[PDB]
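Listing of start-v7.txt, compact mmCIF, C-alpha atoms and all ligand atoms
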```
# COMPACT_ATOMS: atom_id res chain seq x y z
CA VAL P 3 0.00 0.00 0.00
CA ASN P 4 1.22 3.53 -0.87
CA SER P 5 -0.13 7.09 -0.41
CA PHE P 6 -1.08 7.91 -4.03
CA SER P 7 -4.81 8.79 -4.21
CA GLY P 8 -7.42 9.23 -6.94
CA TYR P 9 -5.51 7.37 -9.63
CA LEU P 10 -7.14 5.34 -12.38
CA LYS P 11 -5.45 1.96 -12.83
CA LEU P 12 -4.42 1.33 -16.47
CA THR P 13 -2.40 -1.89 -16.02
CA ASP P 14 -0.84 -4.04 -13.33
CA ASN P 15 1.80 -1.34 -12.73
CA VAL P 16 0.71 1.93 -14.42
CA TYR P 17 -1.68 4.45 -12.86
CA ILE P 18 -2.83 7.85 -14.18
CA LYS P 19 -4.41 11.01 -12.67
CA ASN P 20 -5.34 14.52 -13.79
CA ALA P 21 -3.04 16.42 -11.46
CA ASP P 22 -0.35 19.06 -11.23
CA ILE P 23 2.83 17.06 -10.59
CA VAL P 24 4.16 19.87 -8.38
CA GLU P 25 1.10 19.78 -6.12
CA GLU P 26 1.06 15.99 -6.17
CA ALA P 27 4.72 15.89 -5.28
CA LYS P 28 4.27 18.34 -2.38
CA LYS P 29 1.39 16.29 -0.93
CA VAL P 30 2.72 12.83 -1.45
CA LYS P 31 6.49 13.42 -0.87
CA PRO P 32 7.20 10.42 -3.07
CA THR P 33 10.53 8.63 -2.93
CA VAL P 34 11.08 9.57 -6.61
CA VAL P 35 9.63 12.36 -8.74
CA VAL P 36 10.60 12.30 -12.42
CA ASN P 37 11.60 15.52 -14.14
CA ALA P 38 11.18 16.01 -17.89
CA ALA P 39 14.77 17.17 -18.25
CA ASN P 40 16.96 18.25 -21.14
CA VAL P 41 20.60 17.20 -21.51
CA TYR P 42 21.85 20.47 -19.99
CA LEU P 43 19.49 20.27 -16.99
CA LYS P 44 18.30 23.78 -17.88
CA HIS P 45 14.90 23.78 -16.13
CA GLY P 46 13.31 26.67 -17.96
CA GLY P 47 9.75 25.63 -18.75
CA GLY P 48 7.25 22.84 -18.94
CA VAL P 49 7.38 20.33 -16.11
CA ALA P 50 11.04 21.15 -15.41
CA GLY P 51 10.43 24.86 -15.06
CA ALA P 52 7.50 24.19 -12.74
CA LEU P 53 9.38 21.70 -10.55
CA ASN P 54 12.40 24.00 -10.37
CA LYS P 55 10.25 27.03 -9.48
CA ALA P 56 8.65 25.02 -6.66
CA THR P 57 12.17 24.40 -5.24
CA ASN P 58 12.92 28.15 -5.25
CA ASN P 59 15.64 27.46 -7.91
CA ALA P 60 17.53 25.00 -5.66
CA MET P 61 17.03 22.30 -8.30
CA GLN P 62 18.75 24.53 -10.90
CA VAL P 63 21.66 25.35 -8.56
CA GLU P 64 22.24 21.65 -7.87
CA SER P 65 21.87 20.83 -11.56
CA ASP P 66 24.43 23.42 -12.65
CA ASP P 67 26.98 21.88 -10.29
CA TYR P 68 26.14 18.41 -11.68
CA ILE P 69 26.72 19.55 -15.27
CA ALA P 70 29.92 21.41 -14.41
CA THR P 71 31.29 18.15 -12.97
CA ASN P 72 29.84 15.54 -15.34
CA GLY P 73 28.89 17.26 -18.59
CA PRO P 74 25.53 16.86 -20.33
CA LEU P 75 23.29 13.85 -20.14
CA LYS P 76 22.49 11.69 -23.16
CA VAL P 77 19.10 11.89 -24.85
CA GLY P 78 17.41 8.81 -23.39
CA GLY P 79 19.53 9.04 -20.24
CA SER P 80 19.01 10.15 -16.66
CA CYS P 81 20.59 11.13 -13.39
CA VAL P 82 19.41 10.98 -9.78
CA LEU P 83 19.62 14.23 -7.84
CA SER P 84 17.89 15.62 -4.77
CA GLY P 85 14.12 15.92 -4.66
CA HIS P 86 14.47 19.06 -2.51
CA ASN P 87 11.09 19.94 -0.93
CA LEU P 88 9.15 17.81 -3.44
CA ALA P 89 10.43 14.23 -3.03
CA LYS P 90 13.34 12.30 -1.59
CA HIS P 91 14.96 12.08 -5.04
CA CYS P 92 14.42 13.58 -8.47
CA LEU P 93 15.10 11.32 -11.43
CA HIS P 94 15.95 13.72 -14.26
CA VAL P 95 15.08 11.83 -17.47
CA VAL P 96 15.77 13.16 -20.98
CA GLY P 97 13.09 12.15 -23.46
CA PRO P 98 13.64 13.11 -27.10
CA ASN P 99 12.48 16.64 -27.98
CA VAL P 100 10.64 16.48 -31.31
CA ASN P 101 11.01 20.26 -31.62
CA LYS P 102 14.79 19.60 -31.79
CA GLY P 103 14.50 16.74 -34.30
CA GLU P 104 15.49 13.99 -31.87
CA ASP P 105 14.72 10.36 -32.65
CA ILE P 106 11.46 9.19 -31.10
CA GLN P 107 12.83 5.63 -30.74
CA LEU P 108 14.84 7.11 -27.86
CA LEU P 109 11.60 7.44 -25.91
CA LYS P 110 11.75 3.74 -24.98
CA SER P 111 15.32 4.16 -23.72
CA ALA P 112 14.17 7.15 -21.65
CA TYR P 113 11.38 5.15 -19.98
CA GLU P 114 13.79 2.27 -19.23
CA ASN P 115 15.37 4.52 -16.59
CA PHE P 116 12.16 4.21 -14.56
CA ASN P 117 12.82 0.47 -14.05
CA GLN P 118 15.67 1.30 -11.66
CA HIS P 119 13.09 2.60 -9.14
CA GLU P 120 10.34 0.56 -7.50
CA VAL P 121 7.79 3.43 -7.37
CA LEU P 122 7.76 6.80 -9.17
CA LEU P 123 5.60 9.87 -9.68
CA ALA P 124 6.15 10.97 -13.25
CA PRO P 125 4.94 13.01 -16.20
CA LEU P 126 4.55 11.57 -19.67
CA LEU P 127 8.01 11.75 -21.21
CA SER P 128 8.45 13.82 -24.36
CA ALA P 129 4.90 15.25 -23.99
CA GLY P 130 4.05 18.94 -23.65
CA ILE P 131 6.74 21.25 -24.98
CA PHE P 132 8.88 18.26 -26.00
CA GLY P 133 6.48 17.83 -28.92
CA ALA P 134 5.67 14.11 -28.94
CA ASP P 135 2.17 12.65 -29.09
CA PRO P 136 1.16 11.97 -25.46
CA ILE P 137 -0.95 8.97 -26.52
CA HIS P 138 2.23 7.41 -28.01
CA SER P 139 4.19 8.32 -24.90
CA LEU P 140 1.63 6.55 -22.72
CA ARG P 141 1.81 3.44 -24.91
CA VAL P 142 5.61 3.34 -24.68
CA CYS P 143 5.39 3.85 -20.92
CA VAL P 144 2.99 0.92 -20.47
CA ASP P 145 5.07 -1.32 -22.75
CA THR P 146 8.44 -0.39 -21.16
CA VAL P 147 8.06 0.41 -17.46
CA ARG P 148 7.67 -2.63 -15.20
CA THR P 149 7.94 -0.81 -11.86
CA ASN P 150 5.02 1.06 -10.32
CA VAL P 151 4.49 4.41 -12.05
CA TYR P 152 1.96 7.08 -11.10
CA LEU P 153 1.48 9.42 -14.02
CA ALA P 154 0.34 12.99 -13.44
CA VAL P 155 -1.28 14.70 -16.43
CA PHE P 156 -1.74 18.45 -15.96
CA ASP P 157 -4.30 19.07 -18.72
CA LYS P 158 -7.78 17.71 -17.94
CA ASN P 159 -8.73 17.56 -21.63
CA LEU P 160 -5.63 15.49 -22.59
CA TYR P 161 -6.17 13.25 -19.56
CA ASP P 162 -9.68 12.37 -20.74
CA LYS P 163 -8.38 11.67 -24.26
CA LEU P 164 -5.59 9.43 -22.92
CA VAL P 165 -8.04 7.38 -20.82
CA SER P 166 -10.73 7.13 -23.49
CA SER P 167 -8.27 6.01 -26.19
CA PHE P 168 -6.27 3.60 -24.00
CA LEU P 169 -6.09 0.05 -25.31
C1 LIG L 201 0.34 20.67 -22.13
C2 LIG L 201 0.23 19.30 -22.33
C3 LIG L 201 1.09 18.47 -21.61
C4 LIG L 201 2.00 19.01 -20.73
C5 LIG L 201 2.93 18.07 -19.97
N1 LIG L 201 3.61 18.73 -18.87
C6 LIG L 201 3.19 18.49 -17.51
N2 LIG L 201 2.76 17.31 -17.09
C7 LIG L 201 2.39 17.12 -15.83
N3 LIG L 201 2.42 18.09 -14.94
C8 LIG L 201 2.85 19.32 -15.29
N4 LIG L 201 2.99 20.50 -14.59
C9 LIG L 201 3.46 21.45 -15.41
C10 LIG L 201 3.63 20.89 -16.66
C11 LIG L 201 3.24 19.55 -16.57
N5 LIG L 201 2.08 20.32 -20.57
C12 LIG L 201 1.28 21.14 -21.23
```

How does this structure look as structure tokens?
Ligand SMILES: c1ccc(CNc2ncnc3[nH]ccc23)nc1
Amino acid sequence: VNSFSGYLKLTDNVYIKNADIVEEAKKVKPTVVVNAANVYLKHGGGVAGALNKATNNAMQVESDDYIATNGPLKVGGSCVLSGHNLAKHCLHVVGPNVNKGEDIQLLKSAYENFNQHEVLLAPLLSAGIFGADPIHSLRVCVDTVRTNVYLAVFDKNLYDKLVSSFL
């Protein structure tokens, strides 16, 4: 039993809710919140900008030190950093950004990072400003992640479409 509430169950291991991931993170304090990161960990907008704003920019400060030491992530890759006031840990995962021309096949590699964590609160990777079709992202999630994932979808309209079209 865990503390996630109001989720619709899609499969054995995937759950989905219309929620603001920031507000859900602050209420649940999950072990892991996933950030929709870019390779530079520049948290300017979308989910990343919102999560970073909620940390009062502490996420960005920590991220800049990470990049200065380690260099950029790979598209499809991830790193574990602090969850600050939102979670124990933040798993920064880089989905392909269609608006940069990145290969959508890398979306499966991105979701594979979730399998290193038993339970996660997450957004749909490569959705929103990353330009992928969220229905495709949900399909890849279900077909790739084997650990327990709680997906927060900010937009109520998209949430209803994802549920109604789910196979
Ligand atoms: C429109 C469609 C999809 C998204 C995906 N981005 C997010 N997904 C979950 N929670 C969020 N909070 C802020 C952003 C965010 N954004 C905007």

Give me, as a tab-separated table, the closest atom pair and its distance (Å, one decimal) for every residue of stretch 17-101 of chain P within a cut-off of 6 Å of stretch 155-158 of chain P, counting all atoms listed in the file, rows sorted by chain and rising number.
```
residue	atom	partner	partner_atom	distance
P:20	CA	P:155	CA	4.8
P:21	CA	P:156	CA	5.1
P:22	CA	P:156	CA	5.0
```

Excluding residue P:32 and residues on its chain fewer than 3 positions from it, collect all residues at most 7 Å away from it, counting only C-alpha atoms, and give them as a PyMOL selection string. chain P and resi 27+35+89-90+123

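With all atoms listed in the file as the atoms that count, the residue of P:112, P:121, P:169, P:164 with the shortest distance to residue P:15 is P:121.
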
Give, as AutoDock Vina command-line options, the centre coordinates and the x, y and z edge lengths in Å to one decimal for an axis-aligned box around all listed atoms of ligand LIG 201 (chain L), padded by 8 Å on each side.
```
--center_x 1.9 --center_y 19.3 --center_z -18.5 --size_x 19.4 --size_y 20.3 --size_z 23.7
```

Can you list, as a short mmCIF file (atom, residue, chain, number, x, y, z; two decimals) with C-alpha atoms, keeping the file's coordinate frame, every protein, DNA or RNA residue that comes within 10 Å of residue P:115 when you count all atoms listed in the file, leaving out same-chain residues fewer than 2 positions away?
```cif
data_model
loop_
_atom_site.label_atom_id
_atom_site.label_comp_id
_atom_site.auth_asym_id
_atom_site.auth_seq_id
_atom_site.Cartn_x
_atom_site.Cartn_y
_atom_site.Cartn_z
CA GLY P 78 17.41 8.81 -23.39
CA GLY P 79 19.53 9.04 -20.24
CA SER P 80 19.01 10.15 -16.66
CA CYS P 81 20.59 11.13 -13.39
CA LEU P 93 15.10 11.32 -11.43
CA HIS P 94 15.95 13.72 -14.26
CA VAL P 95 15.08 11.83 -17.47
CA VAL P 96 15.77 13.16 -20.98
CA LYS P 110 11.75 3.74 -24.98
CA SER P 111 15.32 4.16 -23.72
CA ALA P 112 14.17 7.15 -21.65
CA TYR P 113 11.38 5.15 -19.98
CA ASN P 117 12.82 0.47 -14.05
CA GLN P 118 15.67 1.30 -11.66
CA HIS P 119 13.09 2.60 -9.14
CA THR P 146 8.44 -0.39 -21.16
CA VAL P 147 8.06 0.41 -17.46
#
```

Set the cut-off to 10 Å, count all atoms listed in the file, and list whatever residues fall near ligand LIG 201 (chain L) as number ranges by chain. P: 19-26, 37-38, 47-53, 124-136, 153-161

Kindly save the residues from that selection, with C-alpha atoms included, as an mmCIF file, in the frame of the given file.
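Final output, part_35.cif:
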```
data_model
loop_
_atom_site.group_PDB
_atom_site.id
_atom_site.type_symbol
_atom_site.label_atom_id
_atom_site.label_comp_id
_atom_site.auth_asym_id
_atom_site.auth_seq_id
_atom_site.Cartn_x
_atom_site.Cartn_y
_atom_site.Cartn_z
ATOM 1 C CA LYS P 19 -4.410 11.010 -12.670
ATOM 2 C CA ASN P 20 -5.340 14.520 -13.790
ATOM 3 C CA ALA P 21 -3.040 16.420 -11.460
ATOM 4 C CA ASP P 22 -0.350 19.060 -11.230
ATOM 5 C CA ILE P 23 2.830 17.060 -10.590
ATOM 6 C CA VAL P 24 4.160 19.870 -8.380
ATOM 7 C CA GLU P 25 1.100 19.780 -6.120
ATOM 8 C CA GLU P 26 1.060 15.990 -6.170
ATOM 9 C CA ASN P 37 11.600 15.520 -14.140
ATOM 10 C CA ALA P 38 11.180 16.010 -17.890
ATOM 11 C CA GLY P 47 9.750 25.630 -18.750
ATOM 12 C CA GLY P 48 7.250 22.840 -18.940
ATOM 13 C CA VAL P 49 7.380 20.330 -16.110
ATOM 14 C CA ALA P 50 11.040 21.150 -15.410
ATOM 15 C CA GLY P 51 10.430 24.860 -15.060
ATOM 16 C CA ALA P 52 7.500 24.190 -12.740
ATOM 17 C CA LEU P 53 9.380 21.700 -10.550
ATOM 18 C CA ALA P 124 6.150 10.970 -13.250
ATOM 19 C CA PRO P 125 4.940 13.010 -16.200
ATOM 20 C CA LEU P 126 4.550 11.570 -19.670
ATOM 21 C CA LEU P 127 8.010 11.750 -21.210
ATOM 22 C CA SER P 128 8.450 13.820 -24.360
ATOM 23 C CA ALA P 129 4.900 15.250 -23.990
ATOM 24 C CA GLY P 130 4.050 18.940 -23.650
ATOM 25 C CA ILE P 131 6.740 21.250 -24.980
ATOM 26 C CA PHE P 132 8.880 18.260 -26.000
ATOM 27 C CA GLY P 133 6.480 17.830 -28.920
ATOM 28 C CA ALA P 134 5.670 14.110 -28.940
ATOM 29 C CA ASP P 135 2.170 12.650 -29.090
ATOM 30 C CA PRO P 136 1.160 11.970 -25.460
ATOM 31 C CA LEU P 153 1.480 9.420 -14.020
ATOM 32 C CA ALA P 154 0.340 12.990 -13.440
ATOM 33 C CA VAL P 155 -1.280 14.700 -16.430
ATOM 34 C CA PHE P 156 -1.740 18.450 -15.960
ATOM 35 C CA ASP P 157 -4.300 19.070 -18.720
ATOM 36 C CA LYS P 158 -7.780 17.710 -17.940
ATOM 37 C CA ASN P 159 -8.730 17.560 -21.630
ATOM 38 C CA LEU P 160 -5.630 15.490 -22.590
ATOM 39 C CA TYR P 161 -6.170 13.250 -19.560
#
```

Excluding stretch 56-69 of chain P and residues on its chain fewer than 3 positions from it, collect all residues at most 7 Å away from it, counting all atoms listed in the file, and give them as a VMD selection string. chain P and resid 42 to 43 45 52 to 53 72 to 74 86 to 87

Got time to write the residues from that selection, C-alpha atoms, as a PDB file, in the coordinates of the input?
```pdb
ATOM      1  CA  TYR P  42      21.850  20.470 -19.990  1.00  0.00           C
ATOM      2  CA  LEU P  43      19.490  20.270 -16.990  1.00  0.00           C
ATOM      3  CA  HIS P  45      14.900  23.780 -16.130  1.00  0.00           C
ATOM      4  CA  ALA P  52       7.500  24.190 -12.740  1.00  0.00           C
ATOM      5  CA  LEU P  53       9.380  21.700 -10.550  1.00  0.00           C
ATOM      6  CA  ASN P  72      29.840  15.540 -15.340  1.00  0.00           C
ATOM      7  CA  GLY P  73      28.890  17.260 -18.590  1.00  0.00           C
ATOM      8  CA  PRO P  74      25.530  16.860 -20.330  1.00  0.00           C
ATOM      9  CA  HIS P  86      14.470  19.060  -2.510  1.00  0.00           C
ATOM     10  CA  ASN P  87      11.090  19.940  -0.930  1.00  0.00           C
TER      11      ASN P  87
END
```

Have a look at atom CA of residue P:91 and atom CA of residue P:36 and let me know their distance in Å, one decimal. 8.6 Å

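Nearest residue to residue P:99 among P:145, P:39, P:114, P:28 is P:39, counting all atoms listed in the file.
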
Would you mind reading off the distance between atom CA of residue P:92 and atom CA of residue P:31, one decimal, in Å?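 Distance reported for this atom pair: 11.0 Å.
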
Select, counting all atoms listed in the file, all protein, DNA and RNA residues no farther than 9 Å from (-1.2, 7.2, -25.9) in file coordinates, and express the selection as a PyMOL selection string. chain P and resi 135-143+163-165+167-169

Between atom CA of residue P:150 and atom CA of residue P:13, what is the distance in Å, rounded to a tenth? 9.8 Å
